[PDB]
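Peer 1: Sequence first, structure after; it's an experimental one.
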2 protein chains.
Amino acid sequence: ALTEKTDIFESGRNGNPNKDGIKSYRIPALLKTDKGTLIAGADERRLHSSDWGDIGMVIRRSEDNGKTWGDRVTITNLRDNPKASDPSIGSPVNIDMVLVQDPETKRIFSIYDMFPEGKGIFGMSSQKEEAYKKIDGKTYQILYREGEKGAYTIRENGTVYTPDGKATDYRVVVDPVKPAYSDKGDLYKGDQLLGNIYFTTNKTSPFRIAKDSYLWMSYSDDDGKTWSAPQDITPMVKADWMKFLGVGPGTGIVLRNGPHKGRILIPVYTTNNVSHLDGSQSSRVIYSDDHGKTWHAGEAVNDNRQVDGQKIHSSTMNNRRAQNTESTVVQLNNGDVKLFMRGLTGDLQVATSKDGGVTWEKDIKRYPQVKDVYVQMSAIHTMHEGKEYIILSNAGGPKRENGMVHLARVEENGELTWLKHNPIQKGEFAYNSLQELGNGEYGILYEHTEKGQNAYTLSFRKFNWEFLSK
Amino acid sequence: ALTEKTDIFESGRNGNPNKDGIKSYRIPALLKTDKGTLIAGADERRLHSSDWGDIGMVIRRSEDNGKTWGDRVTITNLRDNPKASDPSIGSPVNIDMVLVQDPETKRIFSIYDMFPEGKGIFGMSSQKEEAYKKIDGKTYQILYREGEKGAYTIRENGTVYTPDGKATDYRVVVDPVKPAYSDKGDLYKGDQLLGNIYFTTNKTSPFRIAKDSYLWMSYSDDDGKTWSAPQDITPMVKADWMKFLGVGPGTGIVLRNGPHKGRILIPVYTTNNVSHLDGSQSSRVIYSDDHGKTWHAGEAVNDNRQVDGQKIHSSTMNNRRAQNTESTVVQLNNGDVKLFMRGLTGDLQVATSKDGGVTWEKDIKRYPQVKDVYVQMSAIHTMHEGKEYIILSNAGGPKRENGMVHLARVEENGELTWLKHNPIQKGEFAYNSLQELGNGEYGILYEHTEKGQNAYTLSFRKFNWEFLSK
Ligand SMILES: CC(=O)N[C@H]1[C@H]([C@H](O)[C@H](O)CO)OC(C(=O)O)=C[C@@H]1O
Ligand SMILES: CC(=O)N[C@H]1[C@H]([C@H](O)[C@H](O)CO)OC(C(=O)O)=C[C@@H]1O
Ligand SMILES: [Cl-]
Ligand SMILES: [Cl-]
């Protein structure tokens, strides 16, 4: 019923780097393509297991349903600041991905966070820095020059314009060409490399982007073999009030029925400037109706939500327990969208959208049958013999341990009836990503450590309906 | 040299209403029109002196340079909520106006704050309510229905639509016809008047607008005699992070030189959700480059301002002493814009814009020569044979008392040198509005009380250069 674990991304041991010089792997995403390929994505955390530093967005492909795996394809890996005093925080950061395939165009998307050099979500400034400027109907990324108040802009061809709208002799690499696109943001004067717009300390160039939270996208048209250069989707989806805006890691969905059929959903979450990570983490989705060309923000589950007899908003809330963070998204046969949200209640929180993920119903459903220890989860839709189900995997607890696979029957009204709860991994268990394999078989890429492994090694297992019914 | 005061708007005495049933007048604006008319604007605060309640936006006209004044013209006066428990707070609020005339079109504009029923800026909720929705490129004001989470919208001809986009048979009066437009916001179901969308308590209708801060505009094309219905300009200028956004009352300007000549400038200020009135009040201007048709927000003086070693932003700041609030705007002959801002340093703070009010230079200039007791001021540009000056008026202190007219020379540098400091009114003195009358004469309209008069009576004086030279 259930296979042995095949390690896909292997972490180092006892606090040391593995043989490739990588201490850590984190944040699995598992995608089954139209060819039948399995794409396994991960944070490649070179220097340590923490949520920052030098991190590549990496995939491996299985052209045989999880039996054997090809070599690592690196989607994006921004080069580190060679002059940073502390290399553990000395790199521009990419962190956390969501994979999805457009079932019509066959395009595969990787959407992931981006920060300039520093500590990621843990090094955000208290004060807003404007990141973008609209000039004659065009949106440009801003640059700040040391000692100057004014907003420089990156305009056509990467050419840097002054605050007062004059071209300079500086340009930015806006069309990176190097492997892993490690030249992105490089700042030139002519053909002299000066530095990089993502460096924040001990800079050798005069320019940097706003110290903010960004959202990037990369895509593949050849089943995950090669990848586009990073596309900055931030200004399409990030409101002025948002502090953090980042993905809920794993695998997104494409709506298969109802008025919004073909819509791509990407779970994300925000914080605000009132209470940031202490009281404002709020789930929502971004979506595309045009096959991934343009992106829109849905409303938050927390927007106009009644809490303890009073209305809150994702932009103003300061309520630790009312937060919802990383989430996993599923569309039902009746057309409802369910959002399963990592939260702080001890048990499973679920929001429902009747309009394709744009707005959410007033109640969040809490399911005591499914434990949540405040950790990522995944959930997928599945049809077994014409009956409708959802499979959800997360840690059983009491800590980030004991991988549980849950089975729910979905009722005609969209309610969830939990049937079975089946252990899939003893010991350490954290982030995971489920897929349908196409028989009655299901795949799962997850975080687990054993035998002194650094957090985490990411492993793959198959399981059938015989395992689910147990 | 200095004329006796002419009382333009007289308040009641000893806490009682005046003959017209008005306890209080506040917030003077004075405008000299192309025809030579003087328009004196005010808040007509019927029930009490505070920053809320039943308040009309009113003017009087003088056709003989301030000697005699006509009857009150009411621009806007929203009807009260007849079912409110406390009438003192039982009315939709208009408060604080800025007057300006377009010298080309001759159109006169009054721009002023709007709040639904409540305590205005002191009654704002801690949580954001979305106020507008963009549906298919069109911006509609949102309505909320009792016991429902969704956003209804006010669409063409005031037809209320359901959250899911269906016409109902509820209608909002979006083209008011009653004197002073007191019918604006009225909620109909067919022929039947049910209540008003600006009412917040003991409602007789199912709908209300978001509890928020709004910005409204009315205009006159007949020299102040008649006025358009209010135009809700909020969505053009109010960013999503903004809590309060309202005018710095008095008289705005039209830029007379430089590449932005013809641009209309209106002083405003905002708060944010981090610190609201405790630490975030931030001066800026909104402006129109198409004769009042569309409006844009400039950047705050506080945006990317260095304060005590560190950069702040108007959207995120929490710094009491770094606030700048109501302000008055002046263009110099060299093209620079000066913004004189009410603040908490005890002396005069001035910001400079080199791009027609869009962005501000890094330093705020303080002038110890001019005390600021934290009260509104007004300032105008003037020429004197043929040297460039600015006249500024405010309280001398210690409190809101001893009105002063200050005179500065505008240096070849754009710097200011304070030459003269002349008392103009003993006893109580608060808000005021200056105008150049022609032939070396100036007019001022200002808040003063005596003989038990309620705060305040608005009185007018004229003065010439010899008054200034003392
Ligand atoms: C962008 C980022 O920091 N992502 C990290 C996320 C985040 O810090 C938290 O969700 C904020 O509350 O948390 C975790 C975690 O294992 O708990 C892993 C993610 O890689
Ligand atoms: C919209 C509004 O409330 N305007 C009021 C303003 C405001 O309350 C303050 O600037 C907040 O800091 O203050 C004053 C005042 O005499 O001090 C008068 C205005 O009518
Ligand atoms: Cl650099
Ligand atoms: Cl009502």
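Peer 2: Structure's in. What do you need? Residues are numbered from 1 along each chain as shown, chains lettered A, B, ... in the order given. Ligands and ions are numbered 1, 2, ... in the order given.
Peer 1: hey, let's count contacts and neighbours off CA atoms from now on
Peer 2: Noted.
Peer 1: buried set for stretch A:9-22?
Peer 2: The neighbour-count check on stretch A:9-22 (16 or more other Cα atoms under 10 Å in any protein chain shown) flags A:9-13, A:15-18, A:22 as buried.
Peer 1: Name the residues that touch it?
Peer 2: Residues from elsewhere that reach stretch A:9-22 (Cα atoms under 8 Å, 6 or more residues apart in numbering or on different chains): A:23-25, A:42, A:44-47, A:451-459.
Peer 1: Quick check on those residues: which are buried?
Peer 2: Among these, those scoring as buried are A:23-25, A:42, A:44-47, A:453-459 (criterion: 16+ other Cα under 10 Å).
Peer 1: and the residues you listed, which of them are in helices?
Peer 2: With helices taken from DSSP state H, there is no overlap with the buried ones among the contacts of stretch A:9-22.
Peer 1: Can you tell me which of those is nearest ligand 4?
Peer 2: residue A:42 (54.7 Å; Cα to the ion).
Peer 1: distance of the closest one from residue A:316?
Peer 2: According to Cα to Cα, to the nearest Å, residue A:42 and residue A:316 sit 33 Å apart.
Peer 1: and if you look at residue A:284?
Peer 2: Applying Cα to Cα, the value for residue A:284 to residue A:316 is 15 Å.
Peer 1: And residue A:253, by the same measure?
Peer 2: Distance of residue A:253 to residue A:316, computed by Cα to Cα: 29 Å.
Peer 1: Then residue A:34?
Peer 2: Distance of residue A:34 to residue A:316, computed by Cα to Cα: 42 Å.
Peer 1: Compare neighbour counts for these two and give me the winner.
Peer 2: Higher neighbour count among residue A:34 and residue A:316: residue A:316, with 25 against 14, using other Cα atoms under 10 Å in any protein chain shown.
Peer 1: Go ahead and confirm the more buried one touches residue A:270.
Peer 2: No: counting by Cα atoms under 8 Å, residue A:316 stays clear of residue A:270, with 11.4 Å between them.
Peer 1: Need the overlap of contacts for these two.
Peer 2: Common contacts of residue A:316 and residue A:270, defined by Cα under 8 Å, 6+ apart, comprise residue A:280.
Peer 1: buried sites along stretch A:381-399?
Peer 2: Going by neighbour count (16+ other Cα under 10 Å), the buried part of stretch A:381-399 is A:381-382, A:388-397.
Peer 1: Tell me where chain A has helices.
Peer 2: A:234-237, A:276-279, A:465-469.
Peer 1: Turn these into CSV, columns for mean neighbour count and distance to residue A:190.
Peer 2: As requested, the helices of chain A are exported to CSV (neighbours: other Cα atoms under 10 Å in any protein chain shown; distance: least, Cα to Cα, whole Å):
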stretch, mean neighbour count, distance to residue A:190
helix A:234-237, 18, 28
helix A:276-279, 19, 41
helix A:465-469, 15, 61
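Peer 1: Tell me which residue of chain A lies closest to ligand 2.
Peer 2: Relative to ligand 2, the nearest point of chain A is residue A:274 (19.9 Å; Cα to the nearest ligand atom).
Peer 1: Count the residues that sit near that residue.
Peer 2: With neighbours defined by other Cα under 10 Å, the count for residue A:274 comes to 21.
Peer 1: try residue A:35
Peer 2: Using other Cα under 10 Å, residue A:35 is surrounded by 9 other residues.
Peer 1: Backbone torsions only: list them for it.
Peer 2: The phi/psi pair for residue A:35 (degrees, to the nearest 10) reads phi -80, psi -20.
Peer 1: Check the gap between it and residue A:223 for me.
Peer 2: 8 Å.
Peer 1: what's the burial count for whichever residue of the stretch 51-200 of chain A sits closest to ligand 4?
Peer 2: Nearest residue of the stretch 51-200 of chain A to ligand 4: residue A:128, at 38.8 Å (Cα to the ion). For residue A:128, the neighbour count with other Cα under 10 Å is 24.
Peer 1: who touches it in this structure?
Peer 2: When contacts are counted by Cα under 8 Å, 6+ apart, residue A:128 touches A:212, A:243, B:312-313, B:315-316.
Peer 1: my read: residue A:188 touches residue A:194, true?
Peer 2: Yes: with contact defined as Cα under 8 Å, residue A:188 reaches residue A:194; the gap is 5.4 Å.
Peer 1: who's more crowded, those two?
Peer 2: Using other Cα under 10 Å, the more surrounded residue of residue A:188 and residue A:194 is residue A:188, with 21 against 17.
Peer 1: what sits against that one?
Peer 2: Residue A:188 neighbours (Cα under 8 Å, 6+ apart): A:170-173, A:194-195.
Peer 1: beta partners of it?
Peer 2: When bridges are called by DSSP bridges, residue A:188 pairs up with residue A:171, residue A:193.
Peer 1: Please tell me how far it sits from ligand 3.
Peer 2: Counting by Cα to the ion, to the nearest Å, the gap between residue A:188 and ligand 3 amounts to 10 Å.
Peer 1: then stretch A:146-161 to CSV, C-alphas only?
Peer 2: The C-alpha coordinates for stretch A:146-161 follow below in CSV (Å, rounded to 0.1, in the frame of the first residue of the first chain):
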residue,chain,number,x,y,z
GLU,A,146,23.1,56.6,-0.7
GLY,A,147,22.7,60.2,0.7
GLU,A,148,19.8,61.1,-1.5
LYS,A,149,16.1,61.3,-0.7
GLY,A,150,14.7,61.0,-4.2
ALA,A,151,13.4,57.9,-6.0
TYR,A,152,15.5,56.8,-8.9
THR,A,153,13.7,54.5,-11.4
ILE,A,154,14.6,51.5,-13.5
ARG,A,155,13.1,52.1,-16.9
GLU,A,156,13.2,50.6,-20.3
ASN,A,157,16.3,48.4,-21.0
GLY,A,158,17.2,48.6,-17.3
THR,A,159,18.4,52.2,-17.6
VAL,A,160,18.4,54.1,-14.4
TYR,A,161,16.6,57.5,-14.4
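Peer 1: is that stretch up against chain B anywhere?
Peer 2: Yes: Stretch A:146-161 comes into contact with chain B (Cα under 8 Å from any Cα of the partner chain), by way of residue A:149.
Peer 1: Would that stretch count as contacting ligand 3?
Peer 2: No: between stretch A:146-161 and ligand 3, judged by Cα under 5 Å from the ion, nothing touches; the nearest distance is 10.6 Å.
Peer 1: who touches residue A:418 in this structure?
Peer 2: By Cα under 8 Å, 6+ apart, the contact list for residue A:418 reads A:369, A:406-409.
Peer 1: 6 Å - rerun?
Peer 2: Going by Cα atoms under 6 Å, 6 or more residues apart in numbering or on different chains, residue A:418 touches A:407-408.
Peer 1: could you measure it against residue A:268, distance?
Peer 2: Computed as Cα to Cα, the residue A:418 to residue A:268 distance reads 26 Å.
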